[PDB]
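*Asks:* Can you keep this structure in mind? I'll have questions shortly.
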Amino acid sequence: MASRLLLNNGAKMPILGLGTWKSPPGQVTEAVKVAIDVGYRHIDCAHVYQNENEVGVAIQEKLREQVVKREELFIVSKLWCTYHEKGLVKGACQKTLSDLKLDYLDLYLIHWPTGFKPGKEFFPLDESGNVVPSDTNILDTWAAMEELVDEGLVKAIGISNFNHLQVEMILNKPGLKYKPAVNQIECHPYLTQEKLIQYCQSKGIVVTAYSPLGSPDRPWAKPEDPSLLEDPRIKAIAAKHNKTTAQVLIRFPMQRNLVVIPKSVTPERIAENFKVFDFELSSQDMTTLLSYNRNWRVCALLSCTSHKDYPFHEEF
Ligand SMILES: NC(=O)c1ccc[n+]([C@@H]2O[C@H](COP(=O)([O-])OP(=O)(O)OC[C@H]3O[C@@H](n4cnc5c(N)ncnc54)[C@H](OP(=O)(O)O)[C@@H]3O)[C@@H](O)[C@H]2O)c1
Ligand SMILES: O=C[C@H](O)CO
């Protein structure tokens with residue numbers, strides 16, 4: 001299959017990227033360098049991950065060494081919730097550009113549909129522990145995102161963790177200038193997301209699957225929680241194809257026409273994760289993997305369930 005797919009801005013996006021959430025600042029620079037050395041062209045970033053400076057060191061060195069040209073890279077970042085106010089969007093984007101040491105992003109996403117009160121704290125709380133919302137309309141945040149395109153700071157704009165009604169809200173925005181190119185959502189065999197994916201694909205929005213290995217290093221994981229990497233049923237499919245369980249899990253969303261962004265800071269796994277273009281899962285393998293859906297969501301943003309725009313009360 002093709003290594004890239006077409007976005008609605010006319011640009012091509014690599015279907016495999018390196019994720020960077022939870023990548024420690026002292027390891028992520030080498031992780032990104034190794035990834036580029038072994039062929040990765042797409043890096044997934046965010047201000048809220050607190051490691052964009054270190055990711056940027058890697059990118060700049062590989063550009064300087066001429067291992068890769070800038071035109072060949074596809075760098076994604078995300079607008080954090082405390083910057084939804086129209087007057088704060090450009091500055092948030094500029095800070096990410098400055099840290100990553102780039103003059104443009106290929107894709108900039110609204111990280112969550114929930115706006116929070118601006119300030120130093122990424123999750124501003126009231127005295128009772130609830131997150132403090134922003135009154136800024138998501139449609140006004142979208143207009144501010146559209147300005148970044150017209151100013152040359154980003155080539156394309158998109159959304160993340162938007163449910164189908166929230167996606168519909170943007171597509172129906174009065175005076176909509178640029179459609180979302182991408183919706184980035186959790187997706188793995190325990191949360192297959194058929195309804196939201198088909199909706200987005202029906203609208204011409206490309207879906208990026210995050211946490212495709214089920215984010216076993218997430219901070220709130222419990223010892224008894226399921227593990228995709230150790231599921232014997234997935235291990236069997238992997239063994240059959242002479243591949244690893246991670247390679248199956250990465251190949252899975254690729255054959256659903258999704259982009260996928262597995263995270264690792266381990267050089268061997270970074271290399272292994274990229275070797276998924278030389279085999280094919282059967283339609284039977286695909287349907288079997290899809291059958292494992294348990295609606296098991298690992299990124300539920302549990303501290304914000306009271307927020308007006310919390311996306312996961314809705315069925316899809
Ligand atoms: N938009 C959003 O709201 C959102 C939310 C979550 C994630 N994301 C993005 O999606 C990316 C990936 O999701 P994620 O970080 O949650 O989790 P993930 O990619 O599902 O899993 C990462 C974990 O799997 C391990 N791993 C990676 N490759 C492996 C392999 N070949 N064999 C065994 N273990 C392997 C990693 O270990 P080591 O790192 O120690 O090798 C790490 O512990 C994120 O980093 C982020 O860029 C976005
Ligand atoms: O991308 C990271 C998300 O904010 C985790 O909840």
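Counting begins at 1 with the first residue displayed.
Determined via X-ray crystallography, 2.0 Å.
For all residues, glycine too, the Cβ spot is worked out from N, Cα and C.
Pasting the feature list from Swiss-Prot:
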MOD_RES   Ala2  N-acetylalanine
MOD_RES   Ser3  phosphoserine
BINDING   10-19, 211-273  NADP(+) binding site
SITE      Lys78  site 'Lowers pKa of active site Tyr'
MOD_RES   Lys95  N6-acetyllysine
BINDING   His111  substrate binding site
MOD_RES   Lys222  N6-acetyllysine
MOD_RES   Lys263  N6-acetyllysine
*Asks:* Counting Cβ atoms within 10 Å of each candidate's own Cβ, which of the recorded positions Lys78, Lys95, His111, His241, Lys263 comes out highest?
*Replies:* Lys78
*Asks:* Please report how many Å separate the Cα atom of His241 (NADP(+) binding site) from that of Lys78 (site 'Lowers pKa of active site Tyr'), as a whole number.
*Replies:* 36
*Asks:* Round to a whole number and give the Cα-to-Cα distance in Å for the pair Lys222 (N6-acetyllysine) and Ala271 (NADP(+) binding site).
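*Replies:* Cα-Cα, rounded: 28 Å.
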*Asks:* For ligand 1, which among the recorded positions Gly10, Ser211, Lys263, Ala271 have a CB under 6 Å from it?
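*Replies:* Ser211, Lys263, in sequence order.
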*Asks:* At 10 angstroms around each C-beta, which of the recorded positions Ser3, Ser211 has the fewest other C-beta atoms nearby?
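*Replies:* If we count Cβ atoms within 10 Å for the recorded positions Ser3, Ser211, the smallest count is at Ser3.
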*Asks:* Recorded positions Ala2, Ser3, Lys78, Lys95, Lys263: which have a Cα within 10 Å of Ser211 (NADP(+) binding site)?
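*Replies:* The recorded positions passing the 10 Å Cα test are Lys263.
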*Asks:* Taking just the CA atoms, what is the gap between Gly10 (NADP(+) binding site) and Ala2 (N-acetylalanine) in Å?
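*Replies:* Taking the Cα atoms only, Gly10 (NADP(+) binding site) lies 16 Å from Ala2 (N-acetylalanine).
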*Asks:* If I take the alpha carbons of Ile261 (NADP(+) binding site) and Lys95 (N6-acetyllysine), what is the distance between them in whole Å?
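*Replies:* Cα-Cα, rounded: 23 Å.
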